[PDB]
Amino acid sequence: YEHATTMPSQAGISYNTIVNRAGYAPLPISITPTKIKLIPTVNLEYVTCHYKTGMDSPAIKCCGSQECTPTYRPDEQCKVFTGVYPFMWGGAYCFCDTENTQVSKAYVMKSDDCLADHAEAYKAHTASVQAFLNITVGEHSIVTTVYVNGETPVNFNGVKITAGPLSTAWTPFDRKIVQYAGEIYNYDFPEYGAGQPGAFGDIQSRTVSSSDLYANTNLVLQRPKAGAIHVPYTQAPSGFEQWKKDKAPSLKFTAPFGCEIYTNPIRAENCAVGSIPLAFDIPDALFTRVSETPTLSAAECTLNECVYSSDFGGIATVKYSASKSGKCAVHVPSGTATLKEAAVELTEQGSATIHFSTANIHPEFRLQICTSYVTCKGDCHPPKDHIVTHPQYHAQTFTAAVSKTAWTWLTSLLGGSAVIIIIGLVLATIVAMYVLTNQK
Amino acid sequence: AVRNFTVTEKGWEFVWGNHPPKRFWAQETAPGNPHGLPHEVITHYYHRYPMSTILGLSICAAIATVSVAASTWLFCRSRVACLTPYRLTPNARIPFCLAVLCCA
Ligand SMILES: *[C@@H]1O[C@H](CO)[C@@H](O)[C@H](O)[C@H]1NC(C)=O
């Protein structure tokens with residue numbers, strides 16, 4: 001047997017369905033997504049951390065001149081300052097008052113803590129979806145991590161399930177993302193080799209252990225103070241630390257649809273968007289003929305309690321006179337109510353209670369049991385809580401909460417005016433016919 | 001501080017300091033009573049479903065007013081068309097219509 005159903009991708013909410021055949025007992029299928037993941041494929045563009053300005057010891061030449069060694073290091077700069085008179089703790093270093101030179105040389109390296117305190121700039125694309133479903137079909141229950149691509153089935157007890165593809169291609173991560181301290185930021189970082197001073201990525205390394213380093217920090221060399229041995233320099237402040245000052249909240253705080261962002265691997269969990277289409281291939285072994293299953297008779301539904309709350313705020317009691325004990329795949333074909341139980345135990349004679357959740361102020365649905373179709377009606381009342389901590393299990397119809405007094409008033413306004421128009425038209429036609437027939 | 005936020009049926013969460021995030025969902029509860037007088041019904045179906053009552057109520061009122069005006073217009077036209085043949089007779093004898101319908 002083949003089925004094609006579709007269930008909302010709302011984690012933590014069970015979803016029940018029934019399968020019917022011409023000469024087979026109905027069977028219940030319950031799917032519970034405990035966790036829905038979205039794992040984009042990410043490429044490590046580069047790694048950024050705090051830099052460290054390293055200066056070579058000044059090359060002091062007394063009564064002479066020096067030349068600039070050519071540049072070979074990240075952001076490396078060299079300059080020869082003439083007319084210096086350095087001092088040390090012993091005393092004056094040179095004996096010439098002038099024509100002394102000092103070579104100052106600076107460059108940029110990664111900080112010693114780049115192995116731990118670093119941010120990884122990634123390119124994110126090609127999202128993939130996985131779902132951890134508790135699946136119960138034919139009183140057979142399993143747990144499976146099914147991929148939500150439409151290509152890969154999952155098999156168990158001869159049953160085949162093909163999930164996906166996901167209805168919506170939406171993803172929280174954009175093309176360029178930044179991972180730092182276990183948090184993901186949607187940041188438009190500069191490309192490798194295109195970093196700018198004082199901003200994120202001012203120094204870039206391909207890998208945390210890589211031997212390359214692009215540095216752009218506006219390093220310049222100043223003249224040493226008179227009678228001093230040091231290498232003055234001026235730099236734009238670190239772009240990593242400035243970025244940390246102005247990160248803005250991470251994706252776990254700014255993502256839509258309630259997504260929860262995790263790292264290692266970079267993923268988004270429990271996004272309440274889209275719907276998973278399921279394709280079922282069920283072997284005929286699980287199916288049972290109508291004779292084998294109990295057949296229901298003399299069943300009446302009473303709504304002894306109903307509040308149209310988000311949770312199962314309704315109880316329906318059905319009086320039944322069944323042929324034999326067994327199991328019924330209790331289900332409501334309409335969207336009026338959502339049933340907590342996908343199956344109910346059945347005895348020879350008695351009453352069965354079913355917990356249901358509805359958004360209708362005046363509910364009236366066709367509860368389906370093993371074979372019977374009971375018509376169940378009642379009245380519901382507003383619940384206590386203004387706010388709850390769980391999503392609504394039912395679904396809101398356009399005419400869900402419309403009462404009956406509203407129907408009476410609307411029919412009187414829309415339906416009484418039509419009556420008045422009909423009366424006027426009849427009177428006009430009668431008068432016209434009367435005068436026309438009374439001319440001759 | 002006191003901060004008010006609007007929570008709808010879709011959901012709403014807040015993180016306060018180092019506490020774990022807390023999520024809340026609205027729920028159709030109040031105010032008014034749909035099983036009551038018209039003002040209570042209008043209040044209940046306005047606070048809930050806003051802009052779907054103001055539009056609907058205005059549409060219904062406009063339809064009712066147009067229907068009433070049209071019915072009055074047709075009734076007056078019928079009265080004129082049934083009386084003027086009898087009305088403009090020089091001696092103005094109008095027993096039959098007034099006896100069968102009491103139009104005047
Ligand atoms: C899904 O199955 C697992 C494994 O037994 C269980 O721990 C979990 O509670 C089940 N989920 C629900 C919603 O029952």
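Basis of the calculations
- Residues numbered from 1 in each chain as written, not as in the entry; some residues may be left out.
- Chains lettered and ligands numbered in written order.
- Part of a larger assembly, values for the part shown.
- Heavy atoms only, no water.
- Salt bridge = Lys/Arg side-chain N within 4 Å of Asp/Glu carboxyl O.
- Helix = DSSP H or I, 4+ residues; strand = E, 2+ residues; numbered from the N terminus.
- Buried < 20%, exposed > 50% of the residue type's maximum accessible area, 1.4 Å probe, protein only.
- Contact = heavy atoms within 4.5 Å.
- Buried area = accessible area lost by both parts, 1.4 Å probe.
- Polar contact = N/O pair within 3.5 Å; in protein donor to acceptor, adjacent residues only side chain to side chain.
- Nonpolar A, V, L, I, M, F, W, Y, C, P; charged D, E, K, R; others polar.
- Pairing = 2+ DSSP bridges.
- Disulfide = S-S within 2.5 Å.
- Core = buried A, V, L, I, M, F, W, Y, C linked by side-chain atoms within 4.5 Å.
- Expected span 1.5 Å × (residues − 1).
- Axes fitted to C-alpha atoms, helices over the stretch in contact; angles between N-to-C directions.
- Parallel < 35°, antiparallel > 145°, perpendicular 65-115°, else oblique.
- Left-handed = near helix turned anticlockwise from the far one by under 90°.
- 1 Å grid on protein atoms, 1.4 Å probe; cavity = no way out; pocket = protein on both sides within 12 Å on 5 of 7 lines; lining within 4 Å.
- Points joined across faces, edges and corners; volume = space filled by probe spheres on them.

This entry lists cryo-EM as its structure determination method and reports a resolution of 4.0 Å.

Novice: Looking at this structure, how should I read the pattern of salt bridges?
Specialist: If charged atoms from side chains of opposite charge come close, those side chains can pair. In the structure shown here, the tally under the stated rule is 15 salt bridges over all chains. Salt-bridge contacts for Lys176 of chain A lead to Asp188 of chain A; the nearest nitrogen and oxygen are separated by 3.9 Å. Placement of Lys176 of chain A in strand 11 (residues 176-180) and of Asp188 of chain A in the loop between strand 12 (183-185) and strand 13 (203-204) is noted, with a sequence separation of 12 residues between them. Its relative accessible area of 60% is what places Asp188 of chain A among the exposed residues. With a shortest N-O distance of 3.9 Å, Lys10 of chain B and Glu9 of chain B are connected by a salt bridge. The exposure class assigned to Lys10 of chain B is exposed, which follows from its relative accessible area of 69%. Linked through salt bridges whose partners overlap, the residues forming this network are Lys123, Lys176, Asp188 and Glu191 of chain A.

Novice: What's the story with the interface of chain B and chain A in this structure? I'm lost.
Specialist: Much of the literature gives interface size as the accessible area that the parts lose upon coming together. Taken together, the contacts link 32 residues of chain B with 39 residues of chain A. Each partner contributes to the roughly 3,100 Å² buried at the junction of chain B and chain A, and carbon and sulfur atoms together form 63% of this total. Remark: the boundary between chain B and chain A carries 8 residue pairs in polar contact. Elements with a contribution of two residues or more to the side of chain B that touches chain A: strand 2 (22-26), helix 1 (38-47) and helix 2 (54-87) of chain B. At 12 residues, helix 2 of chain B tops the list of elements feeding residues into the side of chain B that touches chain A. Considering only residue class, the side of chain B that touches chain A consists of 21 nonpolar, 7 polar and 4 charged. Note: strand 28 (residues 387-388) of chain A against strand 2 of chain B, 2 bridges, orientation antiparallel. Bridge pairing in strand 2 of chain B links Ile387 of chain A to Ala26 of chain B.

Novice: How should I be thinking about the state of the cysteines in this particular structure?
Specialist: Joining two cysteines, a disulfide is a covalent bond between their sulfur atoms. Residue and element names in this part refer to chain A. All chains considered together, the criterion is met by 7 disulfides over all chains. At a sulfur-sulfur separation of 2.0 Å, the disulfide partner of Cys62 is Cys94. Residues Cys62 and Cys94 are joined by a disulfide whose S-S torsion is about -80°; by sign, that bridge is left-handed. Note that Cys62 is positioned in the loop between strand 4 (51-61) and strand 5 (77-82) and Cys94 in the loop between strand 5 and strand 6 (101-110), a separation of 32 residues in sequence. Residue classification places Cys94 among the buried positions, given a relative accessible area of 3%. Note that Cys301 is cross-linked by a disulfide to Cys376, the S-S spacing being 2.0 Å. Measuring handedness by torsion sign, the sulfur bridge of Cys301 and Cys376 sits at about -50° and is left-handed.

Novice: Looking at this structure, how should I read the nonpolar core?
Specialist: Considering soluble globular proteins, one finds that nonpolar side chains tend to be buried as a cluster. All names here are of chain A. Counting 27 residues, the largest nonpolar core has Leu339, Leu346, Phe356, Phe365 and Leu367 as its most contacted members. Every element with two or more residues in this core is listed here: strand 20 (300-306), strand 21 (314-321), strand 23 (337-339), strand 24 (344-346), strand 25 (349-358), strand 26 (364-368) and strand 27 (373-377). Beyond its immediate chain neighbours, meaning those up to four positions away, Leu367 contacts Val318, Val330, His331, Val332, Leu339, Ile354, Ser372, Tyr373 and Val374. Of all hydrophobic cores here, the second largest spans 24 residues; its members include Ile29, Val129, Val154 and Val159.

Novice: What's the story with helix 2 of chain B in this structure? I'm lost.
Specialist: Because an α-helix completes one turn every 3.6 residues, residues spaced three or four positions apart along the sequence face the same direction. Given a rise of 1.5 Å per residue, 34 residues ought to cover 50 Å, and the 47 Å separating the end C-alpha atoms of helix 2 of chain B matches this to within 8%. Those residues of helix 2 of chain B that sit buried are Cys60, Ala64, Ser67, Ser71, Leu74, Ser78, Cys82 and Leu83 of chain B. Elements in contact with the buried residues of helix 2 of chain B: helix 3 (405-437) of chain A together with helix 3 (95-100) of chain B.

Novice: Help me out: how do you make sense of the packing of helix 3 of chain A against helix 2 of chain B in this one?
Specialist: Think of two packed helices as two axes; the pair is described by the angle between the axes and how far apart they sit. Two numbers describe how helix 3 of chain A lies on helix 2 of chain B: the axes approach to 9 Å, and their chain directions differ by 15°. Here helix 3 of chain A lies roughly parallel to helix 2 of chain B, going by the angle between them. When you trace helix 3 of chain A past helix 2 of chain B, the crossing you get is left-handed. In terms of residue class, the contact of helix 3 of chain A with helix 2 of chain B is made up of 20 nonpolar, 5 polar and no charged.

Novice: What is the right way to read empty space enclosed by the protein from this model?
Specialist: Empty space among the atoms becomes apparent when a probe as large as a water molecule is rolled across them. All names here are of chain A. Scanning the model with the defined rule gives 3 cavities of 30 Å³ or more in all. Approximately 80 Å³ is the volume found for the largest cavity. The wall of the largest cavity is formed by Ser9, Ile36, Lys37, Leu38, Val129, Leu166, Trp170, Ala268, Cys271 and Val273. Counting residues per element, the lining of the largest cavity draws most heavily on strand 3 (residues 27-48), at 3 residues. Residues belonging to the lining of the largest cavity are distributed by class as follows: 8 nonpolar, 1 polar and 1 charged. What lines the second largest cavity is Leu296, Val318, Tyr320, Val344, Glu345, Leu346, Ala352, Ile354 and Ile369. Elements represented by at least two residues in the lining of the second largest cavity include exactly strand 21, strand 24 and strand 25. At 3 residues, strand 24 tops the list of elements feeding residues into the lining of the second largest cavity. Looking at the lining of the second largest cavity residue by residue, the classes come out as 8 nonpolar, no polar and 1 charged.

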